[PDB]
>>> print(open('run_34.txt').read())   # compact mmCIF, C-alpha atoms and all ligand atoms
# COMPACT_ATOMS: atom_id res chain seq x y z
CA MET M 1 -16.36 45.75 -43.52
CA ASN M 2 -13.33 43.53 -43.11
CA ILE M 3 -11.35 41.06 -45.32
CA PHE M 4 -13.54 38.15 -44.23
CA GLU M 5 -16.83 39.80 -45.00
CA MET M 6 -15.34 40.95 -48.24
CA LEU M 7 -14.22 37.48 -49.41
CA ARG M 8 -17.44 35.94 -48.19
CA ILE M 9 -19.29 38.29 -50.57
CA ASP M 10 -17.01 37.53 -53.50
CA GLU M 11 -16.74 33.73 -53.14
CA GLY M 12 -20.05 32.63 -51.53
CA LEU M 13 -20.47 29.60 -49.19
CA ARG M 14 -21.20 26.07 -50.45
CA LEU M 15 -21.25 23.00 -48.25
CA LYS M 16 -20.91 20.60 -51.10
CA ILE M 17 -18.13 20.11 -53.63
CA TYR M 18 -18.67 22.25 -56.63
CA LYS M 19 -16.95 23.50 -59.69
CA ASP M 20 -15.45 26.93 -59.66
CA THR M 21 -15.77 29.40 -62.50
CA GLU M 22 -12.69 27.82 -64.15
CA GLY M 23 -14.14 24.34 -63.80
CA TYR M 24 -12.18 23.30 -60.74
CA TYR M 25 -13.30 21.29 -57.76
CA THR M 26 -13.95 23.61 -54.80
CA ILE M 27 -15.80 23.62 -51.50
CA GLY M 28 -16.72 26.11 -48.67
CA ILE M 29 -15.56 29.70 -49.21
CA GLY M 30 -13.39 29.55 -52.34
CA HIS M 31 -11.22 26.62 -51.07
CA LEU M 32 -9.76 25.12 -54.33
CA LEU M 33 -9.45 21.39 -53.93
CA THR M 34 -7.74 20.24 -57.10
CA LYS M 35 -7.28 21.17 -60.72
CA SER M 36 -7.81 17.53 -61.56
CA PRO M 37 -10.84 16.42 -63.49
CA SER M 38 -11.52 13.66 -61.10
CA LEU M 39 -14.34 14.02 -58.61
CA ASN M 40 -12.49 11.30 -56.88
CA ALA M 41 -9.20 13.15 -56.82
CA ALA M 42 -11.35 15.95 -55.23
CA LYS M 43 -13.07 13.81 -52.63
CA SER M 44 -9.75 12.49 -51.43
CA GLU M 45 -8.16 15.92 -51.21
CA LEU M 46 -11.17 17.00 -49.22
CA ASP M 47 -10.85 14.25 -46.64
CA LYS M 48 -7.13 14.97 -46.30
CA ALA M 49 -8.00 18.66 -45.72
CA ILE M 50 -10.76 18.05 -43.11
CA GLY M 51 -9.34 15.03 -41.37
CA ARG M 52 -12.47 12.96 -41.91
CA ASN M 53 -14.45 11.00 -44.42
CA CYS M 54 -16.69 13.67 -45.81
CA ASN M 55 -17.98 12.19 -48.95
CA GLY M 56 -17.97 15.63 -50.56
CA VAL M 57 -19.96 17.38 -47.88
CA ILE M 58 -18.82 19.55 -44.96
CA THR M 59 -20.32 21.58 -42.12
CA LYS M 60 -20.32 25.44 -41.83
CA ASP M 61 -17.79 25.26 -39.06
CA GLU M 62 -15.52 23.20 -41.29
CA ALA M 63 -15.91 25.68 -44.14
CA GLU M 64 -15.01 28.54 -41.84
CA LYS M 65 -11.98 26.70 -40.46
CA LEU M 66 -10.70 26.24 -43.99
CA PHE M 67 -11.46 29.92 -44.71
CA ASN M 68 -9.49 31.14 -41.67
CA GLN M 69 -6.45 29.03 -42.84
CA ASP M 70 -6.64 30.34 -46.39
CA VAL M 71 -6.77 34.04 -45.39
CA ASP M 72 -3.85 33.53 -42.98
CA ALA M 73 -1.88 31.62 -45.64
CA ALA M 74 -2.69 34.46 -48.07
CA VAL M 75 -1.44 37.20 -45.71
CA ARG M 76 1.78 35.26 -44.81
CA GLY M 77 2.45 34.63 -48.48
CA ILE M 78 2.35 38.35 -49.32
CA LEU M 79 4.65 39.22 -46.37
CA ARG M 80 7.04 36.53 -47.51
CA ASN M 81 7.05 37.51 -51.08
CA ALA M 82 9.75 39.90 -52.32
CA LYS M 83 7.53 41.40 -54.93
CA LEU M 84 4.36 41.66 -52.88
CA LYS M 85 5.73 42.72 -49.49
CA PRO M 86 6.84 46.19 -50.54
CA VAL M 87 3.46 46.92 -52.18
CA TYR M 88 1.53 45.75 -49.21
CA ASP M 89 3.65 47.90 -46.78
CA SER M 90 3.17 50.92 -48.89
CA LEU M 91 -0.67 50.67 -48.84
CA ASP M 92 -3.45 51.97 -46.60
CA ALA M 93 -5.75 49.53 -44.73
CA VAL M 94 -8.55 49.27 -47.35
CA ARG M 95 -6.30 48.78 -50.34
CA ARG M 96 -4.39 46.16 -48.35
CA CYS M 97 -7.65 44.21 -48.28
CA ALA M 98 -7.87 44.42 -52.10
CA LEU M 99 -4.42 42.89 -52.52
CA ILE M 100 -5.24 40.10 -50.10
CA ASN M 101 -8.45 39.44 -52.13
CA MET M 102 -6.46 38.95 -55.43
CA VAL M 103 -3.91 36.73 -53.68
CA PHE M 104 -6.60 34.48 -52.19
CA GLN M 105 -8.22 34.13 -55.65
CA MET M 106 -5.20 33.92 -57.88
CA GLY M 107 -2.28 32.89 -55.76
CA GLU M 108 0.92 34.69 -54.93
CA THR M 109 2.59 33.77 -58.13
CA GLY M 110 -0.34 35.08 -60.17
CA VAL M 111 -0.50 38.47 -58.55
CA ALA M 112 3.26 38.77 -58.52
CA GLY M 113 3.00 38.64 -62.33
CA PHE M 114 1.03 41.89 -62.58
CA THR M 115 4.36 43.82 -62.64
CA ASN M 116 3.12 47.12 -64.05
CA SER M 117 0.01 47.39 -61.88
CA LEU M 118 2.07 46.64 -58.74
CA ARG M 119 4.47 49.45 -59.68
CA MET M 120 1.61 51.85 -60.12
CA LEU M 121 -0.10 50.94 -56.85
CA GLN M 122 3.17 51.46 -55.11
CA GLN M 123 3.42 54.89 -56.66
CA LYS M 124 -0.18 55.60 -55.66
CA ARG M 125 -1.27 56.34 -59.19
CA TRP M 126 -4.76 54.97 -58.51
CA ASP M 127 -6.67 55.62 -61.71
CA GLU M 128 -3.76 54.36 -63.78
CA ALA M 129 -3.38 51.16 -61.85
CA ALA M 130 -7.18 50.60 -62.13
CA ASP M 131 -7.02 50.96 -65.88
CA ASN M 132 -4.05 48.55 -66.19
CA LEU M 133 -5.58 45.91 -63.88
CA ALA M 134 -8.64 45.74 -66.25
CA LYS M 135 -6.39 44.55 -69.08
CA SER M 136 -6.16 41.02 -67.89
CA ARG M 137 -7.67 37.67 -68.37
CA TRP M 138 -8.82 37.98 -64.75
CA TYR M 139 -11.05 40.93 -65.48
CA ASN M 140 -12.38 39.31 -68.63
CA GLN M 141 -13.22 36.04 -66.90
CA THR M 142 -14.87 37.42 -63.72
CA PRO M 143 -15.72 40.99 -64.50
CA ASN M 144 -18.15 41.75 -61.62
CA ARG M 145 -15.69 40.60 -58.93
CA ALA M 146 -12.68 42.20 -60.77
CA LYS M 147 -14.56 45.51 -60.86
CA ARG M 148 -15.33 45.39 -57.19
CA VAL M 149 -11.62 44.83 -56.37
CA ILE M 150 -10.49 47.36 -58.82
CA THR M 151 -12.79 50.06 -57.42
CA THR M 152 -11.49 49.29 -53.97
CA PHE M 153 -7.97 50.10 -55.32
CA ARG M 154 -9.09 53.14 -57.21
CA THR M 155 -10.97 54.74 -54.30
CA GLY M 156 -9.69 53.35 -51.04
CA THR M 157 -13.28 52.90 -49.67
CA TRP M 158 -15.62 49.96 -49.31
CA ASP M 159 -18.15 51.49 -51.60
CA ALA M 160 -18.24 48.62 -54.12
CA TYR M 161 -19.22 46.35 -51.39
CA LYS M 162 -21.83 48.38 -49.89
CL CL Y 1 -6.67 42.40 -72.07
CL CL Y 2 -17.64 37.91 -61.50
>>> encode(input="run_34.txt", output="structure tokens")
Amino acid sequence: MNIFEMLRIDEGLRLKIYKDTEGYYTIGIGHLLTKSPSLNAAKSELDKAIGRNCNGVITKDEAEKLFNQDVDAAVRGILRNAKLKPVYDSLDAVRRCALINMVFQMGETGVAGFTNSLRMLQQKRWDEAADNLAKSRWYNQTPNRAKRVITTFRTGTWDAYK
């Protein structure tokens, strides 16, 4: 199991513009297009992103290209972030995947806001950090995915995904 297979399980693949769980315009593997209500604001963002006139539809290859950019952008953001970097460095390889998953989903700023949880992961107080992470809008909005991530942090294995 690797970060890519993990995010592919959590986000799915869709070759046509769609609305995310929050109601936003998305495409491919979790690639947020815009928070704007306009399908048109979305179609334009999409063509800017792909470099062609797509008319809301892309190929698998194109979805995977966007996915590779997003994962890379996610990793570089963590390593560039003064709150996230130290947590990441302190963690083992599996747990590192769990942090990248949250960042991809909620952005650097979002995750950086989970102050207490970050402090507990850094101290390797697993069960405690799992309990605190569950007290969030995130967990209440997408409980099945939150739980998977959270178990990954609690245990350090890929069990939730297997
Ligand atoms: Cl809560
Ligand atoms: Cl979910």
>>> closest_residue(input="run_34.txt", among="M:142, M:69, M:59, M:132", to="ligand CL 2 (chain Y)", atoms="only C-alpha atoms and all ligand atoms")
M:142
>>> residues_near_ligand(input="run_34.txt", ligand="ligand CL 1 (chain Y)", cutoff="8 Å", atoms="all atoms listed in the file", output="ChimeraX atom specification")
/M:134-137,140
>>> residues_around(input="run_34.txt", residues="residue 108 of chain M", least_positions_apart="2", cutoff="9 Å", atoms="all atoms listed in the file", output="list in words")
residues 74, 77, 78, 81, 84, 102, 103, 104, 106, 110, 111, 112 and 113 of chain M
>>> residues_near_ligand(input="run_34.txt", ligand="ligand CL 2 (chain Y)", cutoff="7 Å", atoms="only C-alpha atoms and all ligand atoms", output="MDAnalysis selection string")
chainID M and resid 142:146
>>> atom_distance(input="run_34.txt", atom1="atom CA of residue 156 of chain M", atom2="atom CA of residue 92 of chain M")
7.8 Å
>>> closest_residue(input="run_34.txt", among="M:38, M:105, M:68, M:152", to="residue 22 of chain M", atoms="all atoms listed in the file")
M:105
>>> residues_around(input="run_34.txt", residues="residue 101 of chain M", least_positions_apart="6", cutoff="9 Å", atoms="only C-alpha atoms", output="list in words")
residues 3, 6, 7, 10, 71, 74 and 149 of chain M
>>> residues_around(input="run_34.txt", residues="residue 47 of chain M", least_positions_apart="2", cutoff="12 Å", atoms="all atoms listed in the file", output="ChimeraX atom specification")
/M:17,27,33,40-45,49-58,62
>>> atom_distance(input="run_34.txt", atom1="atom CA of residue 11 of chain M", atom2="atom CA of residue 117 of chain M")
23.3 Å
>>> residues_near_point(input="run_34.txt", point="(3.0, 52.7, -59.7)", cutoff="12 Å", atoms="only C-alpha atoms", output="VMD selection string")
chain M and resid 86 to 87 90 to 91 114 to 133
>>> residues_near_point(input="run_34.txt", point="(-12.1, 28.9, -51.2)", cutoff="7 Å", atoms="all atoms listed in the file", output="PyMOL selection string")
chain M and resi 11+26-32+67
>>> atom_distance(input="run_34.txt", atom1="atom CA of residue 21 of chain M", atom2="atom CA of residue 141 of chain M")
8.4 Å
>>> decode(input="run_34.txt", residues="segment 85-110 of chain M", atoms="N, CA and C atoms", output="JSON list (two decimals), in the first residue's frame")
[["chain", "number", "residue", "atom", "x", "y", "z"],
["M", 85, "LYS", "N", 5.95, 20.48, 9.36],
["M", 85, "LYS", "CA", 7.28, 19.88, 9.18],
["M", 85, "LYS", "C", 7.78, 19.07, 10.35],
["M", 86, "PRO", "N", 7.80, 19.64, 11.53],
["M", 86, "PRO", "CA", 8.27, 18.91, 12.70],
["M", 86, "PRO", "C", 7.48, 17.64, 12.99],
["M", 87, "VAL", "N", 6.18, 17.69, 12.76],
["M", 87, "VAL", "CA", 5.33, 16.48, 13.00],
["M", 87, "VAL", "C", 5.66, 15.36, 12.02],
["M", 88, "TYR", "N", 5.70, 15.76, 10.77],
["M", 88, "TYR", "CA", 6.06, 14.87, 9.71],
["M", 88, "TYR", "C", 7.40, 14.19, 10.00],
["M", 89, "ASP", "N", 8.47, 14.96, 10.30],
["M", 89, "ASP", "CA", 9.81, 14.40, 10.59],
["M", 89, "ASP", "C", 9.81, 13.45, 11.75],
["M", 90, "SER", "N", 8.98, 13.75, 12.74],
["M", 90, "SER", "CA", 8.94, 12.85, 13.85],
["M", 90, "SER", "C", 8.26, 11.51, 13.57],
["M", 91, "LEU", "N", 7.52, 11.37, 12.45],
["M", 91, "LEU", "CA", 6.68, 10.16, 12.28],
["M", 91, "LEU", "C", 7.29, 9.06, 11.44],
["M", 92, "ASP", "N", 6.79, 7.83, 11.68],
["M", 92, "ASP", "CA", 7.18, 6.65, 10.90],
["M", 92, "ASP", "C", 6.59, 6.72, 9.50],
["M", 93, "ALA", "N", 6.93, 5.78, 8.60],
["M", 93, "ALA", "CA", 6.45, 5.87, 7.21],
["M", 93, "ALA", "C", 4.93, 5.76, 6.99],
["M", 94, "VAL", "N", 4.24, 4.94, 7.79],
["M", 94, "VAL", "CA", 2.79, 4.76, 7.58],
["M", 94, "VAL", "C", 2.01, 5.99, 8.01],
["M", 95, "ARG", "N", 2.34, 6.46, 9.21],
["M", 95, "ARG", "CA", 1.69, 7.61, 9.79],
["M", 95, "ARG", "C", 1.93, 8.83, 8.94],
["M", 96, "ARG", "N", 3.11, 8.90, 8.30],
["M", 96, "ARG", "CA", 3.42, 10.01, 7.40],
["M", 96, "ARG", "C", 2.37, 10.06, 6.27],
["M", 97, "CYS", "N", 1.98, 8.88, 5.80],
["M", 97, "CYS", "CA", 0.95, 8.77, 4.78],
["M", 97, "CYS", "C", -0.41, 9.37, 5.27],
["M", 98, "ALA", "N", -0.72, 9.14, 6.53],
["M", 98, "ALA", "CA", -1.96, 9.63, 7.11],
["M", 98, "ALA", "C", -2.02, 11.16, 7.15],
["M", 99, "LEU", "N", -0.88, 11.79, 7.43],
["M", 99, "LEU", "CA", -0.79, 13.23, 7.48],
["M", 99, "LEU", "C", -0.90, 13.76, 6.07],
["M", 100, "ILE", "N", -0.23, 13.11, 5.11],
["M", 100, "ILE", "CA", -0.36, 13.59, 3.74],
["M", 100, "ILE", "C", -1.84, 13.49, 3.29],
["M", 101, "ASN", "N", -2.54, 12.42, 3.69],
["M", 101, "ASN", "CA", -3.95, 12.24, 3.32],
["M", 101, "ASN", "C", -4.79, 13.46, 3.82],
["M", 102, "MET", "N", -4.69, 13.85, 5.10],
["M", 102, "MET", "CA", -5.43, 14.99, 5.62],
["M", 102, "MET", "C", -5.10, 16.28, 4.87],
["M", 103, "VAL", "N", -3.82, 16.45, 4.54],
["M", 103, "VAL", "CA", -3.38, 17.69, 3.88],
["M", 103, "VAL", "C", -3.99, 17.82, 2.50],
["M", 104, "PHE", "N", -3.95, 16.73, 1.74],
["M", 104, "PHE", "CA", -4.55, 16.63, 0.42],
["M", 104, "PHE", "C", -6.04, 17.04, 0.44],
["M", 105, "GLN", "N", -6.77, 16.51, 1.41],
["M", 105, "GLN", "CA", -8.19, 16.69, 1.64],
["M", 105, "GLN", "C", -8.54, 18.05, 2.18],
["M", 106, "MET", "N", -7.84, 18.48, 3.21],
["M", 106, "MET", "CA", -8.18, 19.71, 3.87],
["M", 106, "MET", "C", -7.25, 20.90, 3.77],
["M", 107, "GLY", "N", -6.15, 20.74, 3.04],
["M", 107, "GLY", "CA", -5.25, 21.85, 2.91],
["M", 107, "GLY", "C", -4.40, 22.02, 4.16],
["M", 108, "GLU", "N", -3.25, 22.62, 3.91],
["M", 108, "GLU", "CA", -2.19, 22.86, 4.87],
["M", 108, "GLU", "C", -2.69, 23.69, 6.02],
["M", 109, "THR", "N", -3.37, 24.76, 5.67],
["M", 109, "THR", "CA", -3.93, 25.61, 6.68],
["M", 109, "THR", "C", -4.91, 24.87, 7.60],
["M", 110, "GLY", "N", -5.77, 24.03, 7.01],
["M", 110, "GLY", "CA", -6.71, 23.28, 7.80],
["M", 110, "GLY", "C", -6.05, 22.39, 8.83]]
